[PDB]
Amino acid sequence: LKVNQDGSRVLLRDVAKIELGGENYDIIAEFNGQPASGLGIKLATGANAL
Amino acid sequence: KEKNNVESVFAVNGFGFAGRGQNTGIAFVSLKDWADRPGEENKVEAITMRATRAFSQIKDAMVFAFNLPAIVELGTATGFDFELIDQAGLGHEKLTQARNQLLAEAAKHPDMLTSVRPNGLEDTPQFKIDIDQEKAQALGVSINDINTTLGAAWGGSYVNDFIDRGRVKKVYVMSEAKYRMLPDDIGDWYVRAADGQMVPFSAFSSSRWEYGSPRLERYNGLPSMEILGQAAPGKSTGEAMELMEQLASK
Amino acid sequence: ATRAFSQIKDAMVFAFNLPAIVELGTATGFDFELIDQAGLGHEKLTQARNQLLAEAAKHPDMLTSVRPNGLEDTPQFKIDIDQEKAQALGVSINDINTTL
Amino acid sequence: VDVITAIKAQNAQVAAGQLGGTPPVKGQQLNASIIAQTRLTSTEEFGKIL
Amino acid sequence: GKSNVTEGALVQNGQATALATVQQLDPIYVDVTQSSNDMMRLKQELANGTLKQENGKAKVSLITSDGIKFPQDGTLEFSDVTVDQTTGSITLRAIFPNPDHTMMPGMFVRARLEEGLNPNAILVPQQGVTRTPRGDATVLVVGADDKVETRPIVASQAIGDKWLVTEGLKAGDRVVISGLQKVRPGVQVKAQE
Amino acid sequence: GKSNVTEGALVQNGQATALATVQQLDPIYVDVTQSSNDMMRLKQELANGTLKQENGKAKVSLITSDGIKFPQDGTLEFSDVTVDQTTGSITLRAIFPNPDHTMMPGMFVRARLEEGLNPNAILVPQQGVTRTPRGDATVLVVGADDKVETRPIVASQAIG
Amino acid sequence: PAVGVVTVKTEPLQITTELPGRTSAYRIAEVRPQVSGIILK
Amino acid sequence: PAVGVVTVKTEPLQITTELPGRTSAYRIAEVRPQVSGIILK
Amino acid sequence: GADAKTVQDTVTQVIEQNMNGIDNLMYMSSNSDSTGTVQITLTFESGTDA
Amino acid sequence: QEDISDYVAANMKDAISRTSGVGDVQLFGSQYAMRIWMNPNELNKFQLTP
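Residues numbered from 1 in each chain as written, not as in the entry; some residues may be left out. Chains lettered and ligands numbered in written order. Part of a larger assembly, values for the part shown. Heavy atoms only, no water. Residues with missing side-chain atoms left out of burial classes, pairs and counts.

Method-wise, the PDB entry is recorded as coming from cryo-EM, at a reported resolution of 5.9 Å.

Right, here's the structure in full:
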């Protein structure tokens, strides 16, 4: 974030935590009630889907 | 209940046709091979009808099981895709109102139709929050910092990118949920003054509830409310579509 | 030419005359790819690649002219800015970066 | 410029977020959309552009 | 504290920079930044009413950056009513015992400061709270007739998962909370709680 | 130091500037800056551990700007109670010996503080440490019967 | 059609002002020399 | 299934804060004229 | 002025993560370099429309 | 489910996206993106802002 002329270090984490996470927590999938993540899969117009 | 015909489920919360959001969700089912689902009861229509019926005793939900159409590009389901429209500029309400005017009347024709619903969303209660920048400037905090101090703590916001295992992803800063869950924490957020003094957000801020539609929609460039459902068992859809068109007149 | 230039120092050099087609080949060499699925990292690939070549090169009766198309690493000039110092100095990074 | 930046300043879209948006607290049950500064719809408002 | 001056360095009388910093940490003061408009409602409510207090002034709590409340609470000394110009904010100075040397001059630690302790609060699950008309809490509570009737009210400030609502609802009101599909107004309904 | 004034230049009694700055060399001062809650964390860390012995006047070491660590450690002098309002600064001073005058005060050289740490509880080589999913380390760990069961863990400060 | 509901029950409430109050030293009193002249020790 | 295994125990660790800082004389005095006038030499 | 690394990360993969759902793609090849340069080649089935 | 969520998007989707016949993919999940969690009261504690 900054420091001082003395250098005292005001950090990003020098206030709040930080961790990875999904871009949004908006979405969830379970599979058979088991936690899940999945893909919507669209056929491009025109292809043989087989 | 459906274990016998049901191999598997794939369910979704937060995502689903007719708009995203937490209030909405959807299910994907795998049933067992027909050869393992003998008779019609173990065929989807009744499977729907059954699940549809049962799901009637659900609470706070519009929950509709449905088979697909023949061409599945045009629709998520079988049944009929109909368009309410606002031609006259009668406005969202009459559209909303006169829509129910149909689903009202149509609900008295289960003989023809079943599971009739809008495909589109109702007006929700939005939380409006109002700056007086004057006070803000009076307090010698600039507004952007607010605007920063706002969207991100309450909305979160994107910044820039980094690399995870040889590929790019996104940076996020946001308030811990517990601090963004309520209008209370609003002014639990602060701003630093141009003189360095930290500034309660509530100081300059004011808020109220409003409404908004979580979604809006049009047809051919006009506001339109789609409606959905089916021709009740034994009913061809033309009978059903036709029935609608009659009810479409009132 | 191919033979002669060989007598020079420092220069992966060869003269060539392009086939009837780039892709179309009656009998030449191949186009191969080592890939990183796990995000292992380059250095892991080179030591994976150089692992392939070193194993590749052991079959001249089968392999020949097996080569990486690209380029080995090189010493770089890497500044590590002590940030606190700078901002302890009141200098701005972007200007630093900028000025760089 | 004093006028300009001001115009830009106070006529714009300030996006917000949600109350109850993701991730929530477990025990949550009141999530919606947050509404905050927006563009002005009328001259007189613009006058109040400050 | 440290020495603003080493030995040999000249000094003047009552000069600008003090030489060394004495300090007394047994007790300590915590200035509580308060939203100007806020504390209004405070007495605004505390006479509003209701609200209440403990009859004395003043017991302040603390939860320090660890996410934990400070080893003990502290005493709110007073409230200086002067509206701080550039904070636009009242401040609360609550002297706290720090005979751990745990607190430090300045933090500024989270201070939860107890307040009016509303004697009677209508707390509706913010589920069942649906505003109407615009910004107007509409509770769906269904009377003995079990014909849902949404009775407009104004949810008070949001709290927990529920709305405190100063008005429009009464005790014993069965909140019609969920079932927002099977209940259009006036419809008969079978309660579950 | 320099002559902050040159000759003939007027002076006023106890004036603002100083004509020049004398300075020592033997014991120099570095200003160790610490984060608030950390100093607080450690002081309640006093509750567990520390354990500082004993000789509770701690060692301190340096990586000098060259990245080389200063030849010999230095004495952590005192503990300031000071909170810089923009900082959280716990900043201390550990006076350091400077026989060769390499210290050159005012610089920005960092410094690590070794406090006596009793809490001998846990360590672990990296290899048994599974980073991802990160935020959670999990190790492949022998079950009672030799049935392997990994177990969730907290891998934070990697020690070598 | 049955419905989930919850009867009325408030009476109990405790509200408080929670926030990061700014602590400070009880008495600081930096030492400012009553006199001028050099600092002996 | 045979693996290199290291059984874990409590290992005392003196690793601790490595934090920032600036350095100063001590010894960080000045020369301030306490008498006013022209500097002769 | 950049290395290949910098180029790759703030540009190349950037584009990569966008490249999808386009027809007759056989493959895609990419080069980042310390010249500050990029070339990303996408190979399409013959007779695919140029 | 986040562990799975991300490994997908990164290792799979785009190729899944680049796949022949795939005209669109839709994730169920999310890609990791650094979640910094801002404690307001600890900012003001440190006198800081987002």
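What follows picks up the thread again.
Novice: Give a description of the interface of chain E and chain G that names residues and reports values.
Specialist: Taken together, the contact between chain E and chain G spans 72 residues of the former and 41 residues of the latter. Surface buried jointly by chain E and chain G totals about 4900 Å² across both partners, of which 59% is contributed by carbon and sulfur atoms. Linking chain E with chain G are zero salt bridges. Here chain E and chain G share 39 residue pairs in polar contact between them. Among the secondary structure elements, those contributing two or more residues to the side of chain E that touches chain G are β1 (10–11), β2 (24–35), β6 (89–97), β7 (111–114), β14 (175–176) and β15 (190–192) of chain E. Top element by residues in the side of chain E that touches chain G is β2(E). It accounts for nine residues. Inspection of the sheet shows β7(E) paired to strand β2 (residues 16–19) of chain G by four bridges, in the antiparallel sense. By the bridge assignment, E:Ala111 is partnered in β2(G) with G:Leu19. (Contact = heavy atoms within 4.5 Å. Buried area = accessible area lost by both parts, 1.4 Å probe. Salt bridge = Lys/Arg side-chain N within 4 Å of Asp/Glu carboxyl O. Polar contact = N/O pair within 3.5 Å; in protein donor to acceptor, adjacent residues only side chain to side chain. Helix = DSSP H or I, 4+ residues; strand = E, 2+ residues; numbered from the N terminus. Pairing = 2+ DSSP bridges.)

Novice: So what's going on with unusual backbone geometry? Which residues, and what values?
Specialist: The bulk of non-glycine residues show a negative phi, and the bulk of peptide bonds are trans. Of note, the amide linkage connecting E:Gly49 to E:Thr50 takes the cis form, showing an omega dihedral of 0°. F:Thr50 connects to F:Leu51 through a cis peptide bond whose omega is -5°. Note on placement: F:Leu51 falls in the loop between α1 (36–45) and β3 (59–61). Residues other than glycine seldom take positive phi values, yet B:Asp60 does so here, at roughly 40°. Unusually for a residue other than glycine, F:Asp146 sits at a positive phi of about 85°. The residue F:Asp146 is located in the loop between β7 (137–139) and β8 (151–153) in this model.

Novice: So what's going on with the packing of aromatic side chains? Which residues, and what values?
Specialist: Tallied over the full model, the rule gives 11 aromatic pairs over all chains. Note on B:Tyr158 and B:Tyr172: the rings are 5.9 Å apart at their centroids and 80° apart in plane angle, and the pair reads as edge-to-face. Of the two residues, B:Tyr158 sits in strand β6 (residues 157–163) while B:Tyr172 sits in strand β7 (residues 168–175), which places them 14 residues apart along the sequence. For B:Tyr172, a relative accessible area of 12% gives the class buried. Pairing F:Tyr29 with H:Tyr26 gives two aromatic rings, centres 4.2 Å apart and planes at 25°, and the pair type is stacked. In this pair, F:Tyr29 sits in strand β2 (residues 27–32) while H:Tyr26 sits in the loop between β2 (21–24) and β3 (37–38), so the two residues belong to two different chains. By relative accessible area, H:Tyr26 is classed as partly exposed at 30%. In this arrangement the basic side chain of E:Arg131 is found over the ring face of E:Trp163, its NZ or CZ atom lying 4.6 Å from the centre. Geometry around J:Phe46 places J:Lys45 over its ring, the cationic atom sitting 4.1 Å from the centre. (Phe/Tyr/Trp six-rings, centres within 6.5 Å; stacked < 30°, edge-to-face > 60°. Buried < 20%, exposed > 50% of the residue type's maximum accessible area, 1.4 Å probe, protein only. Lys NZ or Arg CZ within 6 Å of the ring centre and 35° of its normal.)

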